[PDB]
$ cat target19.txt   # compact mmCIF, N, CA and C atoms
# COMPACT_ATOMS: atom_id res chain seq x y z
N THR A 1 -66.37 -8.77 -39.04
CA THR A 1 -65.56 -9.57 -40.01
C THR A 1 -64.77 -10.68 -39.25
N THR A 2 -64.50 -10.46 -37.96
CA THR A 2 -64.13 -11.56 -37.04
C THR A 2 -65.30 -12.58 -36.82
N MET A 3 -64.97 -13.84 -36.48
CA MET A 3 -65.97 -14.95 -36.42
C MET A 3 -66.72 -15.04 -35.10
N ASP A 4 -67.53 -14.04 -34.90
CA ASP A 4 -68.34 -13.87 -33.72
C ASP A 4 -69.31 -15.04 -33.65
N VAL A 5 -69.62 -15.44 -32.41
CA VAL A 5 -70.61 -16.48 -32.16
C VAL A 5 -71.70 -15.95 -31.27
N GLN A 6 -72.93 -16.28 -31.58
CA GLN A 6 -74.05 -15.87 -30.81
C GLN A 6 -74.96 -17.08 -30.57
N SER A 7 -75.64 -17.04 -29.41
CA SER A 7 -76.65 -18.02 -29.04
C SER A 7 -77.97 -17.60 -29.63
N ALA A 8 -78.75 -18.52 -30.13
CA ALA A 8 -80.00 -18.26 -30.78
C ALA A 8 -80.89 -19.44 -30.66
N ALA A 9 -82.06 -19.35 -31.25
CA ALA A 9 -82.87 -20.45 -31.42
C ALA A 9 -83.29 -20.59 -32.92
N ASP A 10 -83.65 -21.78 -33.29
CA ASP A 10 -84.03 -22.11 -34.66
C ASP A 10 -85.50 -21.66 -34.86
N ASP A 11 -86.06 -21.94 -36.03
CA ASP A 11 -87.41 -21.52 -36.31
C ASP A 11 -88.47 -22.15 -35.47
N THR A 12 -88.11 -23.18 -34.75
CA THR A 12 -88.99 -23.91 -33.85
C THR A 12 -88.69 -23.63 -32.39
N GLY A 13 -87.79 -22.74 -32.11
CA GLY A 13 -87.46 -22.40 -30.70
C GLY A 13 -86.38 -23.26 -30.08
N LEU A 14 -85.72 -24.08 -30.84
CA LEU A 14 -84.70 -25.04 -30.27
C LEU A 14 -83.32 -24.37 -30.38
N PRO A 15 -82.38 -24.69 -29.51
CA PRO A 15 -81.12 -23.99 -29.45
C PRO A 15 -80.24 -24.18 -30.65
N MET A 16 -79.59 -23.12 -31.05
CA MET A 16 -78.55 -23.19 -32.07
C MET A 16 -77.58 -22.05 -31.85
N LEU A 17 -76.42 -22.12 -32.47
CA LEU A 17 -75.46 -21.08 -32.55
C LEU A 17 -75.49 -20.45 -33.94
N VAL A 18 -75.14 -19.17 -33.97
CA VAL A 18 -74.98 -18.48 -35.23
C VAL A 18 -73.59 -17.92 -35.25
N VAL A 19 -72.80 -18.22 -36.27
CA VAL A 19 -71.39 -17.88 -36.46
C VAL A 19 -71.29 -16.85 -37.57
N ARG A 20 -70.51 -15.81 -37.39
CA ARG A 20 -70.22 -14.86 -38.47
C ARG A 20 -69.23 -15.60 -39.42
N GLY A 21 -69.64 -15.74 -40.61
CA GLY A 21 -68.92 -16.27 -41.74
C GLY A 21 -69.82 -17.00 -42.64
N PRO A 22 -69.59 -16.91 -43.94
CA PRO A 22 -70.35 -17.69 -44.87
C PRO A 22 -70.21 -19.22 -44.74
N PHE A 23 -71.10 -19.98 -45.28
CA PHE A 23 -71.24 -21.40 -45.01
C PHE A 23 -69.89 -22.13 -45.32
N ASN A 24 -69.29 -21.93 -46.51
CA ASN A 24 -68.09 -22.72 -46.81
C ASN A 24 -66.90 -22.31 -46.04
N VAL A 25 -66.84 -21.04 -45.65
CA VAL A 25 -65.80 -20.47 -44.79
C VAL A 25 -65.87 -21.20 -43.46
N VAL A 26 -67.06 -21.20 -42.86
CA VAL A 26 -67.24 -21.84 -41.57
C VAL A 26 -67.01 -23.32 -41.71
N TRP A 27 -67.52 -23.98 -42.74
CA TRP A 27 -67.28 -25.40 -42.98
C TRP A 27 -65.80 -25.74 -42.96
N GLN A 28 -65.03 -24.90 -43.64
CA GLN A 28 -63.60 -25.15 -43.73
C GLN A 28 -62.85 -24.88 -42.46
N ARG A 29 -63.39 -24.04 -41.59
CA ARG A 29 -62.80 -23.73 -40.30
C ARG A 29 -63.19 -24.71 -39.21
N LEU A 30 -64.32 -25.39 -39.42
CA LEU A 30 -64.89 -26.19 -38.35
C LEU A 30 -64.01 -27.29 -37.81
N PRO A 31 -63.40 -28.13 -38.65
CA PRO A 31 -62.62 -29.22 -38.05
C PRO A 31 -61.55 -28.70 -37.14
N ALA A 32 -60.79 -27.69 -37.56
CA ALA A 32 -59.71 -27.14 -36.75
C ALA A 32 -60.28 -26.54 -35.49
N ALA A 33 -61.41 -25.84 -35.54
CA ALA A 33 -61.96 -25.22 -34.35
C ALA A 33 -62.43 -26.31 -33.36
N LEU A 34 -63.12 -27.30 -33.91
CA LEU A 34 -63.61 -28.43 -33.13
C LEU A 34 -62.54 -29.13 -32.41
N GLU A 35 -61.41 -29.34 -33.08
CA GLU A 35 -60.29 -29.97 -32.42
C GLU A 35 -59.86 -29.26 -31.14
N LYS A 36 -59.94 -27.93 -31.12
CA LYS A 36 -59.53 -27.15 -29.97
C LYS A 36 -60.42 -27.32 -28.77
N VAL A 37 -61.60 -27.82 -28.98
CA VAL A 37 -62.62 -27.97 -27.90
C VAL A 37 -62.86 -29.41 -27.54
N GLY A 38 -62.06 -30.31 -28.06
CA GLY A 38 -62.21 -31.72 -27.75
C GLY A 38 -63.16 -32.52 -28.57
N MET A 39 -63.55 -31.94 -29.72
CA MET A 39 -64.45 -32.57 -30.65
C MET A 39 -63.71 -33.07 -31.89
N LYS A 40 -63.75 -34.36 -32.08
CA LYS A 40 -63.11 -35.02 -33.20
C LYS A 40 -64.16 -35.25 -34.28
N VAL A 41 -63.87 -34.81 -35.49
CA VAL A 41 -64.75 -34.98 -36.56
C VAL A 41 -64.48 -36.32 -37.11
N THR A 42 -65.41 -37.22 -37.05
CA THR A 42 -65.26 -38.57 -37.55
C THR A 42 -65.75 -38.71 -38.99
N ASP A 43 -66.66 -37.84 -39.43
CA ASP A 43 -67.13 -37.83 -40.80
C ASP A 43 -67.86 -36.55 -41.05
N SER A 44 -68.00 -36.17 -42.28
CA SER A 44 -68.80 -34.99 -42.63
C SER A 44 -69.25 -35.13 -44.04
N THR A 45 -70.34 -34.44 -44.34
CA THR A 45 -70.94 -34.51 -45.66
C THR A 45 -71.52 -33.15 -45.95
N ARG A 46 -70.82 -32.38 -46.72
CA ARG A 46 -71.17 -30.98 -46.93
C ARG A 46 -72.52 -30.80 -47.54
N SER A 47 -72.93 -31.68 -48.45
CA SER A 47 -74.24 -31.55 -49.12
C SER A 47 -75.39 -31.67 -48.22
N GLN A 48 -75.20 -32.28 -47.06
CA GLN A 48 -76.18 -32.42 -46.01
C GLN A 48 -75.97 -31.44 -44.89
N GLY A 49 -74.86 -30.69 -44.90
CA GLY A 49 -74.45 -29.82 -43.82
C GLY A 49 -74.23 -30.56 -42.52
N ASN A 50 -73.82 -31.81 -42.63
CA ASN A 50 -73.73 -32.65 -41.44
C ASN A 50 -72.33 -33.02 -41.10
N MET A 51 -72.01 -32.96 -39.84
CA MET A 51 -70.80 -33.50 -39.31
C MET A 51 -71.06 -34.47 -38.18
N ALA A 52 -70.30 -35.54 -38.09
CA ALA A 52 -70.33 -36.41 -36.97
C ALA A 52 -69.18 -36.10 -36.09
N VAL A 53 -69.43 -35.89 -34.81
CA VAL A 53 -68.37 -35.59 -33.91
C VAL A 53 -68.37 -36.51 -32.70
N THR A 54 -67.19 -36.78 -32.15
CA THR A 54 -67.07 -37.44 -30.89
C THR A 54 -66.41 -36.47 -29.95
N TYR A 55 -67.07 -36.22 -28.82
CA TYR A 55 -66.63 -35.23 -27.89
C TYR A 55 -66.13 -35.85 -26.58
N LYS A 56 -64.98 -35.40 -26.14
CA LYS A 56 -64.49 -35.70 -24.78
C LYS A 56 -64.12 -34.38 -24.16
N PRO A 57 -64.79 -33.99 -23.07
CA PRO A 57 -64.39 -32.76 -22.45
C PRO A 57 -62.89 -32.58 -22.21
N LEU A 58 -62.42 -31.35 -22.30
CA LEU A 58 -61.07 -31.00 -21.92
C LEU A 58 -60.97 -31.14 -20.41
N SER A 59 -59.71 -31.29 -19.98
CA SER A 59 -59.35 -31.06 -18.58
C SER A 59 -59.54 -29.60 -18.22
N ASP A 60 -59.66 -29.30 -16.93
CA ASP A 60 -59.70 -27.89 -16.50
C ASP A 60 -58.54 -27.02 -17.00
N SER A 61 -57.35 -27.56 -16.94
CA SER A 61 -56.19 -26.88 -17.42
C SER A 61 -56.33 -26.57 -18.91
N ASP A 62 -56.82 -27.55 -19.68
CA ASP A 62 -56.95 -27.36 -21.11
C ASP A 62 -58.06 -26.35 -21.42
N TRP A 63 -59.15 -26.34 -20.66
CA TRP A 63 -60.18 -25.31 -20.83
C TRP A 63 -59.56 -23.93 -20.56
N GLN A 64 -58.73 -23.84 -19.52
CA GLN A 64 -58.06 -22.61 -19.24
C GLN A 64 -57.20 -22.10 -20.37
N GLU A 65 -56.44 -23.01 -20.95
CA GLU A 65 -55.54 -22.67 -22.12
C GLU A 65 -56.37 -22.29 -23.34
N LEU A 66 -57.53 -22.88 -23.51
CA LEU A 66 -58.45 -22.48 -24.61
C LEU A 66 -58.97 -21.09 -24.35
N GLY A 67 -59.32 -20.80 -23.11
CA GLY A 67 -59.98 -19.61 -22.79
C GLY A 67 -61.44 -19.65 -22.57
N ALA A 68 -61.99 -20.81 -22.23
CA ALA A 68 -63.43 -20.89 -21.95
C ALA A 68 -63.69 -21.97 -20.94
N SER A 69 -64.82 -21.90 -20.29
CA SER A 69 -65.17 -22.86 -19.26
C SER A 69 -65.85 -24.09 -19.94
N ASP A 70 -65.81 -25.22 -19.24
CA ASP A 70 -66.55 -26.39 -19.63
C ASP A 70 -67.97 -26.08 -19.84
N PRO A 71 -68.56 -26.46 -20.96
CA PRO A 71 -69.92 -26.08 -21.29
C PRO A 71 -71.01 -26.99 -20.78
N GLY A 72 -70.63 -28.00 -20.02
CA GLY A 72 -71.63 -28.88 -19.48
C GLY A 72 -72.35 -29.79 -20.42
N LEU A 73 -71.63 -30.20 -21.46
CA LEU A 73 -71.99 -31.27 -22.38
C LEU A 73 -71.48 -32.59 -21.92
N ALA A 74 -72.28 -33.63 -22.09
CA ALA A 74 -71.85 -34.99 -21.80
C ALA A 74 -70.86 -35.43 -22.86
N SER A 75 -69.93 -36.32 -22.47
CA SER A 75 -69.04 -36.91 -23.45
C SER A 75 -69.86 -37.84 -24.34
N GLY A 76 -69.49 -37.96 -25.62
CA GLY A 76 -70.16 -38.89 -26.51
C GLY A 76 -70.24 -38.37 -27.90
N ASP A 77 -71.05 -38.99 -28.67
CA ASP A 77 -71.23 -38.71 -30.12
C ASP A 77 -72.36 -37.70 -30.32
N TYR A 78 -72.14 -36.75 -31.21
CA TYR A 78 -73.10 -35.74 -31.60
C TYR A 78 -73.10 -35.60 -33.09
N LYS A 79 -74.21 -35.14 -33.59
CA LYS A 79 -74.30 -34.65 -34.97
C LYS A 79 -74.28 -33.13 -34.87
N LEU A 80 -73.56 -32.51 -35.75
CA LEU A 80 -73.50 -31.09 -35.91
C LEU A 80 -74.09 -30.73 -37.26
N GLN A 81 -75.16 -29.96 -37.25
CA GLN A 81 -75.79 -29.49 -38.47
C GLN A 81 -75.40 -28.09 -38.73
N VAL A 82 -74.95 -27.80 -39.92
CA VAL A 82 -74.44 -26.51 -40.29
C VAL A 82 -75.36 -25.95 -41.38
N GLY A 83 -75.84 -24.74 -41.19
CA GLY A 83 -76.69 -24.14 -42.20
C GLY A 83 -76.19 -22.81 -42.73
N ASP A 84 -76.69 -22.48 -43.92
CA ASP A 84 -76.24 -21.32 -44.65
C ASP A 84 -77.15 -20.14 -44.41
N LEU A 85 -76.63 -19.12 -43.76
CA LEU A 85 -77.30 -17.87 -43.58
C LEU A 85 -76.54 -16.68 -44.26
N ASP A 86 -76.01 -16.88 -45.48
CA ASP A 86 -75.31 -15.87 -46.31
C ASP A 86 -74.01 -15.48 -45.69
N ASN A 87 -74.00 -14.38 -44.90
CA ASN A 87 -72.79 -13.95 -44.27
C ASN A 87 -72.59 -14.58 -42.94
N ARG A 88 -73.55 -15.37 -42.48
CA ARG A 88 -73.47 -16.13 -41.27
C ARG A 88 -73.78 -17.57 -41.54
N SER A 89 -73.46 -18.44 -40.55
CA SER A 89 -73.79 -19.82 -40.63
C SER A 89 -74.45 -20.25 -39.30
N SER A 90 -75.32 -21.17 -39.36
CA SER A 90 -75.87 -21.74 -38.14
C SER A 90 -75.20 -23.06 -37.80
N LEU A 91 -75.14 -23.31 -36.48
CA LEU A 91 -74.63 -24.59 -35.94
C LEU A 91 -75.63 -25.12 -34.97
N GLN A 92 -76.01 -26.35 -35.13
CA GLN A 92 -76.95 -26.96 -34.18
C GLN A 92 -76.45 -28.36 -33.85
N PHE A 93 -76.19 -28.59 -32.57
CA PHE A 93 -75.84 -29.94 -32.08
C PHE A 93 -77.05 -30.75 -31.80
N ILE A 94 -76.97 -32.01 -32.17
CA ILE A 94 -78.07 -33.00 -32.04
C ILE A 94 -77.45 -34.25 -31.47
N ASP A 95 -78.07 -34.85 -30.47
CA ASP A 95 -77.55 -36.13 -30.06
C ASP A 95 -78.07 -37.26 -30.87
N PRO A 96 -77.59 -38.48 -30.61
CA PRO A 96 -78.00 -39.56 -31.47
C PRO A 96 -79.50 -39.95 -31.38
N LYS A 97 -80.19 -39.51 -30.33
CA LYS A 97 -81.64 -39.76 -30.20
C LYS A 97 -82.42 -38.71 -31.01
N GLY A 98 -81.70 -37.79 -31.66
CA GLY A 98 -82.32 -36.67 -32.35
C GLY A 98 -82.72 -35.51 -31.45
N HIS A 99 -82.20 -35.42 -30.25
CA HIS A 99 -82.51 -34.30 -29.34
C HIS A 99 -81.46 -33.20 -29.41
N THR A 100 -81.92 -31.96 -29.45
CA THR A 100 -81.09 -30.84 -29.22
C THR A 100 -80.53 -30.78 -27.82
N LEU A 101 -79.50 -29.98 -27.62
CA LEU A 101 -78.97 -29.52 -26.32
C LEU A 101 -79.98 -28.68 -25.60
N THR A 102 -79.79 -28.50 -24.29
CA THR A 102 -80.59 -27.51 -23.62
C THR A 102 -80.12 -26.11 -24.07
N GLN A 103 -80.95 -25.09 -23.89
CA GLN A 103 -80.53 -23.78 -24.25
C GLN A 103 -79.34 -23.33 -23.42
N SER A 104 -79.27 -23.71 -22.16
CA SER A 104 -78.14 -23.31 -21.38
C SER A 104 -76.83 -23.97 -21.81
N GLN A 105 -76.91 -25.23 -22.21
CA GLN A 105 -75.70 -25.91 -22.81
C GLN A 105 -75.29 -25.12 -24.06
N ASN A 106 -76.24 -24.81 -24.92
CA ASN A 106 -75.93 -24.07 -26.12
C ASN A 106 -75.30 -22.75 -25.81
N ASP A 107 -75.86 -22.01 -24.87
CA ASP A 107 -75.36 -20.74 -24.44
C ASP A 107 -73.92 -20.83 -23.99
N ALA A 108 -73.60 -21.87 -23.24
CA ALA A 108 -72.26 -22.10 -22.80
C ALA A 108 -71.34 -22.44 -23.95
N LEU A 109 -71.82 -23.00 -25.04
CA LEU A 109 -70.97 -23.22 -26.19
C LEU A 109 -70.52 -21.92 -26.88
N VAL A 110 -71.24 -20.82 -26.66
CA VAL A 110 -70.80 -19.52 -27.23
C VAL A 110 -69.34 -19.23 -26.92
N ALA A 111 -69.02 -19.21 -25.63
CA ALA A 111 -67.68 -18.89 -25.19
C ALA A 111 -66.74 -19.87 -25.72
N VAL A 112 -67.10 -21.17 -25.74
CA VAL A 112 -66.23 -22.24 -26.23
C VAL A 112 -65.90 -21.98 -27.66
N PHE A 113 -66.88 -21.78 -28.53
CA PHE A 113 -66.57 -21.55 -29.94
C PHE A 113 -65.95 -20.20 -30.22
N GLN A 114 -66.30 -19.17 -29.46
CA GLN A 114 -65.60 -17.92 -29.61
C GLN A 114 -64.11 -18.13 -29.34
N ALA A 115 -63.81 -18.84 -28.25
CA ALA A 115 -62.43 -19.13 -27.90
C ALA A 115 -61.74 -19.97 -28.98
N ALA A 116 -62.39 -21.00 -29.47
CA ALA A 116 -61.82 -21.86 -30.45
C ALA A 116 -61.52 -21.13 -31.77
N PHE A 117 -62.47 -20.35 -32.27
CA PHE A 117 -62.25 -19.63 -33.51
C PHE A 117 -61.14 -18.55 -33.24
N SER A 118 -61.09 -17.94 -32.08
CA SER A 118 -60.01 -17.02 -31.75
C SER A 118 -58.64 -17.66 -31.71
N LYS A 119 -58.61 -18.90 -31.18
CA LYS A 119 -57.36 -19.68 -31.02
C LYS A 119 -56.79 -19.95 -32.41
N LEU A 120 -57.69 -20.15 -33.38
CA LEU A 120 -57.35 -20.32 -34.80
C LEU A 120 -56.76 -19.06 -35.34
N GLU A 121 -57.43 -17.94 -35.08
CA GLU A 121 -57.12 -16.66 -35.68
C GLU A 121 -56.01 -15.90 -34.98

$ encode --input "target19.txt" --output "C-alpha cells"
Amino acid sequence: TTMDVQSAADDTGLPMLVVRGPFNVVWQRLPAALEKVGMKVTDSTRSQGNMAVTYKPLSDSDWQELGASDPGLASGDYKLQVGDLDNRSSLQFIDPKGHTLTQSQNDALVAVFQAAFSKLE
C-alpha cells in the first residue's frame, strides 16, 4: 500500500518503472515527487499520459538529502509516459529523439523514485 517502485521492461523489452498506485493517484503525486529529484514538469496532458520534464541533476549533497545516488541521466528534456496498470502505474522516460533510457539508467531510477515518493510520504 506504500508506493513501491520496481524496474521492469515494457512489452517490447524496453526499460520502464512500475509504481504501486493507481494511475490518477500516481499522476497526482508525480509533480511533487519529480521536484524532489530535480525534474521540473513543464507541461502535462493526462489524456495522453504524457509529461514534459526538464531535468538537472542534484548536487551530491542534495542526492544525499534525498536518499539516493545520481542515476546517471544526462541533463535535459525528457518525456515521461505514464500508464494505467489498475493498482499500479507504469513510468517510461523517453528522450526527445524518441529513445528510451538504458536499462541500467532505469534501474538506477528505482532508488531515486523510491526516495522521492518516501520524501513525500

$ residues_around --input "target19.txt" --residues "stretch 32-44 of chain A" --least-positions-apart "3" --cutoff "5 Å" --atoms "all atoms listed in the file" --output "ChimeraX atom specification"
/A:29,50-56,116

$ atom_distance --input "target19.txt" --atom1 "atom CA of residue A:58" --atom2 "atom N of residue A:107"
17.6 Å

$ residues_around --input "target19.txt" --residues "residue A:81" --least-positions-apart "5" --cutoff "6.5 Å" --atoms "only N, CA and C atoms" --output "ChimeraX atom specification"
/A:49-51,90-94

$ residues_near_point --input "target19.txt" --point "(-75.0, -12.8, -41.2)" --cutoff "7 Å" --atoms "only N, CA and C atoms" --output "ChimeraX atom specification"
/A:19-21,85-89

$ atom_distance --input "target19.txt" --atom1 "atom CA of residue A:46" --atom2 "atom CA of residue A:26"
11.3 Å

$ residues_around --input "target19.txt" --residues "residue A:14" --least-positions-apart "5" --cutoff "9 Å" --atoms "only C-alpha atoms" --output "short mmCIF file (atom, residue, chain, number, x, y, z; two decimals) with N, CA and C atoms, in the frame of the given file"
data_model
loop_
_atom_site.label_atom_id
_atom_site.label_comp_id
_atom_site.auth_asym_id
_atom_site.auth_seq_id
_atom_site.Cartn_x
_atom_site.Cartn_y
_atom_site.Cartn_z
N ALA A 8 -78.75 -18.52 -30.13
CA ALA A 8 -80.00 -18.26 -30.78
C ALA A 8 -80.89 -19.44 -30.66
N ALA A 9 -82.06 -19.35 -31.25
CA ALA A 9 -82.87 -20.45 -31.42
C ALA A 9 -83.29 -20.59 -32.92
N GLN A 92 -76.01 -26.35 -35.13
CA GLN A 92 -76.95 -26.96 -34.18
C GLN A 92 -76.45 -28.36 -33.85
N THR A 100 -81.92 -31.96 -29.45
CA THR A 100 -81.09 -30.84 -29.22
C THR A 100 -80.53 -30.78 -27.82
N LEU A 101 -79.50 -29.98 -27.62
CA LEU A 101 -78.97 -29.52 -26.32
C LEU A 101 -79.98 -28.68 -25.60
N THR A 102 -79.79 -28.50 -24.29
CA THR A 102 -80.59 -27.51 -23.62
C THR A 102 -80.12 -26.11 -24.07
N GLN A 103 -80.95 -25.09 -23.89
CA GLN A 103 -80.53 -23.78 -24.25
C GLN A 103 -79.34 -23.33 -23.42
#

$ select_by_dssp --input "target19.txt" --residues "chain A" --states "strand (DSSP E)" --output "PyMOL selection string"
chain A and resi 5-9+15-20+39-45+50-55+76-85+88-94

$ atom_distance --input "target19.txt" --atom1 "atom CA of residue A:16" --atom2 "atom C of residue A:61"
26.0 Å
